[PDB]
Amino acid sequence: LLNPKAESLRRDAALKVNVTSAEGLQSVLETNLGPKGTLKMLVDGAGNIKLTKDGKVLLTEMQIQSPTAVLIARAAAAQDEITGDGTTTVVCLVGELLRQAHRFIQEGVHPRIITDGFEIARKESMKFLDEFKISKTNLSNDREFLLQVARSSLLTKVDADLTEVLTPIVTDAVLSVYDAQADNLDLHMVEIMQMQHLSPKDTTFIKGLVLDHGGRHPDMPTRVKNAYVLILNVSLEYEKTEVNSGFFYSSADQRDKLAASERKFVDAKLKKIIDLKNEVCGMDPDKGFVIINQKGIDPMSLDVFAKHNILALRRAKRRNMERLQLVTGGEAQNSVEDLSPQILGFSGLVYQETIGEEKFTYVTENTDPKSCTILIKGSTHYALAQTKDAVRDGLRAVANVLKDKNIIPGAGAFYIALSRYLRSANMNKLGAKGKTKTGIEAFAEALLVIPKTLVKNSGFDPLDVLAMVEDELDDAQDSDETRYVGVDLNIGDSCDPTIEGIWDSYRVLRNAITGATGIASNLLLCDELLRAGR
Amino acid sequence: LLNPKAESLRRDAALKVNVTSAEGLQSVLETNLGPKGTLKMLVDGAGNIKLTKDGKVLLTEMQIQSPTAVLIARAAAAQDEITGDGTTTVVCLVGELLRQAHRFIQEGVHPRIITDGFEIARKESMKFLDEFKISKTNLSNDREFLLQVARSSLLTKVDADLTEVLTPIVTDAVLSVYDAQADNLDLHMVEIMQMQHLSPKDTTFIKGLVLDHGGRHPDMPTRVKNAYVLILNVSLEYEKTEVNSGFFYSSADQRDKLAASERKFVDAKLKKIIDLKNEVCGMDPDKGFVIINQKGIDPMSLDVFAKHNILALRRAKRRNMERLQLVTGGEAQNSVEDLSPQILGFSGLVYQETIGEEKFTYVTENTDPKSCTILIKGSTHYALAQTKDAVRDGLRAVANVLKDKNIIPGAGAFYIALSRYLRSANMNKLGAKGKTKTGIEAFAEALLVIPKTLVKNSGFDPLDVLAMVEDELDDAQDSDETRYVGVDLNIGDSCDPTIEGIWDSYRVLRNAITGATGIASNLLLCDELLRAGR
Amino acid sequence: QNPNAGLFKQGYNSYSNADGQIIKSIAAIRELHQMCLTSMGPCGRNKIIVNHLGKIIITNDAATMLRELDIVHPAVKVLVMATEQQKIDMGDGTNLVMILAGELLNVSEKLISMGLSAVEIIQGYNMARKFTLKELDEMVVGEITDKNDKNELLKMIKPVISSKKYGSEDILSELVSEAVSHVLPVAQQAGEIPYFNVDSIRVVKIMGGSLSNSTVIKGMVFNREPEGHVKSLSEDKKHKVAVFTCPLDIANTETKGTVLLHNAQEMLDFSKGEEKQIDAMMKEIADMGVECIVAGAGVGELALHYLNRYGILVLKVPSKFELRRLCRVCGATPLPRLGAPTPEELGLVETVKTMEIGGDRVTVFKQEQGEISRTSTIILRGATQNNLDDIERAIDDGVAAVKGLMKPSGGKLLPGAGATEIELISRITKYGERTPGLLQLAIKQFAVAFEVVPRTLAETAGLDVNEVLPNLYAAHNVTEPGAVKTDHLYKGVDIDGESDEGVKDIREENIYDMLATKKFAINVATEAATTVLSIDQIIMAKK
């Protein structure tokens, strides 16, 4: 029953290849799970190296041959637009769900029976999550907790030494842009900027913006305690006539004097700019004056500005000009003819940093910058890439907690406790079917792939860490107390995640469980593998 | 690390070979468990094909290449001589034990941890057996029960129609030879004979012995009523002059008259035997006379007996001569010279059956035969082989029950209850080890290979049939009553094996679990395969 | 037919952790480890490099080799990038990172064979690194005081030149130290203003002769000849120098400006015009007192005729970098136009002359006891092509190392010749022994890697490591009159080539390493080693 130039898998082979493919993808990405996981290398085929642990990066930048694993990779990657994290978790859950389902299918359990059991477990799992979570204090001033959130996110991605550097940077950068009166926040208010010639441990938080083009005169101020900012769109390069003209001279003296006569047009504009400076804290102590001109500035006029203790920047990018208007509070002057103090903004400490190859201008300490900058440093591409991802991952982790006050103790406490819950509730309720229970049992066991994979990577015995957690949980249940028990991936024994400071996000756990259940079900329900024209 | 002409199989591959091979052997015999199982054809390569379900024959004659499968097959054969049954049960238990163990070994469970768990579960299983068994009455008048035992041991291996023929044959044959006194029981008191040219349905129980050689004179009775039995080891064929001589005569008639005188040497013995009857109930009504002479009898000597309504048989086999002395009570005479009235035995009807090719003599209705005969009928070696196995095993099955009052309700109730027992006792006790409890659960699950296989072979879905048994079993325990719950392989629902009449041997099940535990352990403990000289 | 499991991404054969990807990656690195292993030390080995363009060179420098190699395998690229880190903001340590990082991986494999995970090994290495970096702070004997004296410079320059060019160390040290002392200002305790760019010292070489006639010029040496009639300036001081970027010929026109001639009179009139305009431009130059003119471009015949009549030395410098460097000698600013070299843009040179070096004539712009240049030029000679080219590189390394003497305690000196490395072995081991648990396994092996230096130094010197190493260890494993070791902080490898035995005191030859170079190498080498160990799989894909 087959047309030429086509192929199909009709018998159970369709399921074996779907499970096998998923098992492959699992066996790769499981090694990236947890702070003790390994680091994957990507080669772009052109000779460039990028290193990452991030599930989304691994799935979206690596090519996959197995058409079934492609479906898992895409569905898991979609989580990036929903939670921003948990991609590796989903792949691990899907793999083990298909492993456990396969074990039962071999016994004659129809894929539908497992699928329905998964849906029953999913609905009860969401109930468990809602009762398992802890409500976070609604105060945004809780820096101590927010550090724990950023730390937990960073430890997954960096070498744990950069965690000490990045943790306060992620925490304060997000809290700084967090709106007052307990409102929402947009983490796009934090600029992610890379620079070279410094070690990755030098990554730093900048209160304001950092500009690329600096001053180009040796007498430009190095640092000004407080300055007014002129936002100017008018070119200060040597101007020529707008109409047909020329320089007609009988002597070298007349030649240059005629050129100077046209140059006076720029000097007149400079006078109005300098006169403004003279009016607004002209000679006041501990004051200065900064120009961030959108257009070019003549080397002649840079000499003028430097002599007047003015820090003159030129050829600013639009993105900097628009942001600097917001940060400094000034307005863009389209014509020097209307120049007045009303144009000026204000900034605090303004200074330039000199790097072997580049200069960077800092416009920090503003009344309300409504923006932060993080400077990600390194000597290599892969070092900058890994650190950049670690910063963006932390910023999303903290922002998600500030938006969603629901926090869940981590270190596997959710997944082990949920597995125990489902096993008990299923027999207490019996609300599915005598055979459907096989799907729920498969689900409850599959949940343990996370605490098992987390510890497998740590190098501790996966069998003891589970038993130890079970022992402590049993004591809590017999004592009629609430106790959150996880695994300490540094010691190997159990721990209370709420003392260690290991937290998961509600959004991540909610969608990771729902997604993995759907993905595994979509593969289990596949009756035939069709191939035509390929 | 490799020596020429050697191999060392490492990296857990030895375990993969052991489990894979065991699953092969399991798959072969799994198709032959219970009355719903299949038949196998064994071709010796010479054109002779054997039909059997008997696991002992199957494993003994089936060619096995896998060294691991050879280990399991031979170990089961050892249990066959110890227990007399359970061949398939052992192999199925070993296979599933290795399959369940392998799944856990892949997860990091050390083979020894599982092995220790198997030993704990085995010891606990034997404790359960002791409380599970039912003590049978010591009465030998339990025929109504033993019929159920014969059916249990026969129905598994026959076409279910032959069961109705063989059930009373096995049952009464052993009860006949089993003295109703606390003496002993020897199933070797029932002889197994085979005859061709009749349907297997015609298998019959004979109270006495059957002899091959019949009478060779048409006037001898084919039915002798209340016979006396002469046991005689000396020929009655025409005898010649004791010493070298010759016929020296003058007239032709003297030639034959002299030969007639020579005949007197044997005729004198005939007269003594005829007079023997005359002395012992010579003319009494309802009395007869049969001779079972080990040696030949002259056609003329047979004519002498025929004239007197005596059934004179000749050329009997020694094996029957010695037994018939015990059956009939008579003494063997090495010569007619010692013949006396006190020699004769006594029996009821002596019957000569004639068929197309052969005659058979029946010596039934003895006072105390201390022996029975079963005649297995068939047209070809197919029916004869299968029926012979059914009879020999059925005699042993009912023999073991009569000797050992301990009876185990069958229909899977034993193994299913063990699963429930071990599941709960393990979680209730947890006295093994945080890791060892894994092996106990693996053991408890493997035990279900028997009730699951029995159902699968019936065409019923094991997923539903086992669940229904567990449900009723739990209901009985919640109701605080004792109830045996097993599988109905004809309806698909649960049943009570103690009402249906499905009984297993105490001794077989005891050793079957112990043996299978050792066999699986011996393979699980094998880390490497070491080959040299091959 | 043959099935394969685990390979589902574009059909790639990509080894998993269980397949020994880490061990296989290290094996690939070992090929480069051995290549670099024989470079370190005063007796290091040479390598021949054949550039794809058809150029054959010989060098001792591992970094040169690594840049000339086409490095494909990512496991090696990690260490090659680490080498570049030693080149950025540091002038030494290339061999230290390549050799140490390889050995750290080699001993890691010994731990992997035990069943000790890459995570446990990396964690131990990070601890041993932090311990190592702290211990180095206490091994300082002396310190460079940044007085820029010739003698203080020689103390550092000599061991830096060593291991790139051996046997000429004293000659090259004088050449670098002299040139460095020329460009360095006289100052003390002044760290606010940076100075002494590596570019401040140029090296020039001519084929022929030998270093026995080498010298240092206080100024720039150009390979171009005095194109004009005047080949040299007078003995007077302060010759005014004009520098132009515009070619010294008739000015052009931005748009068209093409002259067409139809009449003989027009030819005469335009010819006189151009000659007068060029004269006016050449006259205005001369009228400012200019005695030497430097062009970034060619010179017209008429300009040569007028510049000759004005007695102006005509010297072409086509290199934009040489013109920028000329601003550091005479101070002149290149004129974007022609004929108006404003006096403020004129420079001053005391002497401009032609010199014969190696048989080749060059033009020199220099000063002697006045108006002193901010640039120096080192003059090399040598008849052998391969040897002279490498000597030039030795000069650059000396200058770069001096730059390593930076405000943040760059002057801290530790005993060299492996003495620091040997003491680290003892101290790091004790750190291991005091550390509980599996961490001690990697900390101890971390120490083991450090014997590669006294081993390599012995091997390159022709010494039997099996006698030198236990003698070095015994030399440091001694009884001292107190808890603090004194005399036996200075026992290093004796790079002599002698027969019998022994060790040599750092104090005998003033063999010291810079702390900044050592601590930097310790950071880079560990990061390189732990980066490779963290990679349990390599996957290629379209980006």
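- Per the deposited record, the coordinates in this entry were obtained by cryo-EM to a resolution of 3.91 Å.

1. Comments concerning the environment of B:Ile206
Thinking step 1. Mapping B:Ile206 onto the fold places it in strand β6 (residues 204-206).
Thinking step 2. Residues contacting B:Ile206, with those up to four places away along its chain left out, are B:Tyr362, B:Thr364, B:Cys372, B:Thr373 and B:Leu375.

2. With respect to the relation of the copies chain A and chain B
Thinking step 1. Between the two copies, chain A and chain B, the superposition gives an RMSD of 0.9 Å; the rotation angle is 180 degrees and the shift along the axis is 0.1 Å. Seen this way, the second copy is the image of the first under a two-fold rotation axis. Nearest to the rotation axis, the C-alpha of A:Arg103 is located 5.0 Å from it, this being the minimum over chain A.
Thinking step 2. Comparing contact sets, 85% of the residues at the interface of chain A also lie at the interface in chain B, consistent with an isologous, same-surface contact.

3. Considering the packing of aromatic side chains
The geometry of two aromatic rings is summed up by the distance between their centres and the angle between their planes.
Thinking step 1. As enumerated under the stated definition, the model contains 24 aromatic pairs over all chains in all.
Thinking step 2. Each ring, one from A:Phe128 and one from A:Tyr421, has its centre 5.3 Å from the other, and the planes form 40 degrees; the classification is tilted. Remark: A:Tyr421 occurs in helix α12 (residues 413-429) and A:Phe128 occurs in helix α5 (residues 111-132); sequence separation between them is 293 residues.
Thinking step 3. With relative accessibility at 10%, the residue A:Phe128 sits in the buried group.
Thinking step 4. An aromatic cluster is present here, built from A:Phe128, A:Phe132, A:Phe414, A:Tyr415, A:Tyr421 and A:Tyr484 joined pairwise through their rings.
Thinking step 5. Its end group placed over the ring of C:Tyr490, C:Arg507 keeps NZ or CZ at 4.2 Å from the ring centre.

4. A short note on the interface of chain A and chain B
Thinking step 1. Chain A puts 13 residues into the contact, and the matching count from chain B is 12 residues.
Thinking step 2. Interface of chain A and chain B: buried area, both sides summed, is about 1200 Å²; carbon and sulfur atoms make up 45% of it.
Thinking step 3. Among the residues of chain A in contact with chain B, A:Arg103, A:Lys435 and A:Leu463 are the three that bury the most area, contributing 47% of the side total.
Thinking step 4. Between A:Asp461 and B:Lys435 there is a salt bridge whose closest N-O contact spans 2.5 Å.
Thinking step 5. Here chain A and chain B share 6 residue pairs in polar contact between them.
Thinking step 6. Broken down by element, the residue count for the side of chain A that touches chain B peaks at 4 residues, all from helix α15 (residues 462-478) of chain A.
Thinking step 7. A per-class count over the side of chain A that touches chain B returns 3 nonpolar, 2 polar and 8 charged.

5. Observations concerning helix α13 (residues 439-448) of chain C
Residues and elements named next belong to chain C.
Thinking step 1. Turning to α13, its buried residues number three or more, namely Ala442, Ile443, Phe446 and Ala447. Relative to the axis of α13, the buried residues are bounded by an arc of 145 degrees and lie together on one face.
Thinking step 2. Where α13 is buried, its residues meet α4 (94-112), α5 (118-136), α12 (419-433) and α17 (515-534).

6. Quick notes on the sheet that holds strand β17 (residues 406-409) of chain B
All names here are of chain B.
Thinking step 1. Across the sheet, 3 strands lie side by side as β4-β17-β20; this open sheet has antiparallel pairing. Either end of the sheet is taken by a strand with one partner, and the two such strands are β4 (134-135) and β20 (503-505).
Thinking step 2. Judged from the 2 bridges that link them, β4 and β17 form a sheet pairing that is antiparallel. When the sheet's bridge partners are listed, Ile134 is paired in β17 with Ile407.

How each quantity is defined
- Residues numbered from 1 in each chain as written, not as in the entry; some residues may be left out.
- Chains lettered and ligands numbered in written order.
- Part of a larger assembly, values for the part shown.
- Heavy atoms only, no water.
- Helix = DSSP H or I, 4+ residues; strand = E, 2+ residues; numbered from the N terminus.
- Contact = heavy atoms within 4.5 Å.
- Least-squares fit on C-alpha atoms.
- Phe/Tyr/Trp six-rings, centres within 6.5 Å; stacked < 30°, edge-to-face > 60°.
- Buried < 20%, exposed > 50% of the residue type's maximum accessible area, 1.4 Å probe, protein only.
- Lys NZ or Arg CZ within 6 Å of the ring centre and 35° of its normal.
- Buried area = accessible area lost by both parts, 1.4 Å probe.
- Salt bridge = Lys/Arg side-chain N within 4 Å of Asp/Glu carboxyl O.
- Polar contact = N/O pair within 3.5 Å; in protein donor to acceptor, adjacent residues only side chain to side chain.
- Nonpolar A, V, L, I, M, F, W, Y, C, P; charged D, E, K, R; others polar.
- Arc of directions from axis to C-beta.
- Pairing = 2+ DSSP bridges.

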